[PDB]
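J.: With positions in the sequence shown counted from 1, the corresponding number in PDB author numbering is that position plus 7. Yeah, the Cβ is synthetic: ideal placement off N, Cα and C, and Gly gets one too.
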Amino acid sequence: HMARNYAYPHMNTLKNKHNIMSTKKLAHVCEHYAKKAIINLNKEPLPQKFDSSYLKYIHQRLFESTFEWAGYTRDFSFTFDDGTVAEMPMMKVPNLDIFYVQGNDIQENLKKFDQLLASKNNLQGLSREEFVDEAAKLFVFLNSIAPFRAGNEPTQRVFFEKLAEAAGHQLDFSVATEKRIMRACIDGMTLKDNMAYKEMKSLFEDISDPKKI
Numbered sequence: 008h009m010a011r012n013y014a015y016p017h018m019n020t021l022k023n024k025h026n027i028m029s030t031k032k033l034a035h036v037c038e039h040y041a042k043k044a045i046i047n048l049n050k051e052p053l054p055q056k057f058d059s060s061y062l063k064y065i066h067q068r069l070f071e072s073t074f075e076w077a078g079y080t081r082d083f084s085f086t087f088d089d090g091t092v093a094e095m096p097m098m099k100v101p102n103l104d105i106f107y108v109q110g111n112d113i114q115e116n117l118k119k120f121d122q123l124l125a126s127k128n129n130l131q132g133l134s135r136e137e138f139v140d141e142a143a144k145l146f147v148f149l150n151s152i153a154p155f156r157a158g159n160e161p162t163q164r165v166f167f168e169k170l171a172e173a174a175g176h177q178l179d180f181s182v183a184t185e186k187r188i189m190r191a192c193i194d195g196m197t198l199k200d201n202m203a204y205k206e207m208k209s210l211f212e213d214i215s216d217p218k219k220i
């Protein structure tokens with residue numbers, strides 16, 4: 008019942024601070040502010056701890072001009088300015104018959120995500136190959152959580168680009184096609200144990216290659 012409260016009562020478009028009713032126009036305005044926020048974000052030092060708090064902060068910065076719930080995950084019972092309360096425990100993977108992590112498990116998974124990074128020292132002190140391997144596995148995991156109502160993709164990309172930088176390497180998702188990145192995410196959620204990570208590893212190899220220039 009509460010999931011419909013993220014969108015307008017009379018249109019499917021997501022509620023937003025711009026009062027924009029076209030999903031197409033909203034997307035554009037959204038990309039605009041996200042880009043502006045990245046400029047200020049890039050001036051800040053890299054955090055000591057790479058964790059869900061930092062992920063939320065990125066999402067907050069990317070979307071605070073557009074979404075009232077920016078920075079809040081979809082298990083958070085969010086009160087809009089209009090008085091309605093929104094929450095989204097069930098979110099399906101688009102076009103496929105699988106679900107992202109259920110709302111009630113988001114916190115435990117994000118905690119596990121935080122623990123892995125901390126245990127592995129934010130993937131520092133590794134070779135580019137080792138980083139690529141570990142990073143790809145963590146990316147697949149986080150992708151399957153999809154902790155936010157929307158804006159998961161650009162948020163997780165900024166997070167991993169920052170993680171790579173702090174780990175002494177580089178990741179530039181813009182060097183690869185959207186079709187390929189999606190294909191890797193899908194493989195990550197559909198293929199058996201070993202194979203799930205393969206396309207993501209392959210992607211990360213390419214987008215971490217300085218000759219990307």
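(1) Give me the DSSP bridge partner(s) of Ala14.
(2) Can you tell me which of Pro16, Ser151, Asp194 puts its alpha carbon nearest to the alpha carbon of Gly90?
(3) Mind checking which residues open and close the alpha helix (DSSP H) that includes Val36?
(4) Just to confirm the assignment: which complete alpha helix (DSSP H) runs, minimum length 4, are found wholly within the stretch 61-103?
(5) Please report the distance separating the alpha-carbon of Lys169 from that of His176.
(6) So, under 8 Å CB-CB, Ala173 and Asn129 are touching, yes? Tell me the CB distance rounded to an integer number of Å.
(7) Taking all protein chains shown into account, decide if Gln55 is buried (16 or more other Cβ within 10 angstroms of its Cβ) or exposed.
(8) When you compare each of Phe74, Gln163, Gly195 to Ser60 by their alpha carbons, which one comes out closest?
(9) Indicate whether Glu71 and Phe85 have their beta-carbon atoms separated by less than 8 Å.
(10) What does DSSP give as the partner residue(s) for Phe57 in the beta ladder?
(11) If you compare alpha carbons, which of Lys50, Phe148, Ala14, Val165 is closest to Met207?
(12) Please list the terminal residues of the continuous alpha helix (DSSP H) segment that includes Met189.
(13) Among all the DSSP beta bridges, which residues are the ones paired with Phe106?
T.: Inspection of the coordinates gives the following:
(1) Answer by DSSP bridge pairing, in chain order: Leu21.
(2) Comparing Cα positions, the closest option is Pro16.
(3) Run containing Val36: 30-48, per the alpha helix (DSSP H) assignment.
(4) Within the stretch 61-103, there are no complete alpha helix (DSSP H) runs of at least 4 residues.
(5) The straight-line gap from Cα to Cα measures roughly 10 Å.
(6) Indeed they touch by this definition, with Cβ atoms about 6 Å apart.
(7) Residue environment analysis places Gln55 among the exposed positions, since fewer than 16 neighbouring C-beta atoms fall within 10 angstroms of its C-beta.
(8) Per the C-alpha coordinates, the member of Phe74, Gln163, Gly195 positioned closest to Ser60 is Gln163.
(9) Against a cut-off of 8 Å, the Cβ pair of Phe85 and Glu71 comes out as no contact.
(10) Per DSSP, none; premise fails for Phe57.
(11) The shortest C-alpha separation from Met207 is found at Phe148.
(12) Run containing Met189: 185-197, per the alpha helix (DSSP H) assignment.
(13) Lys99, per the DSSP bridge assignment.
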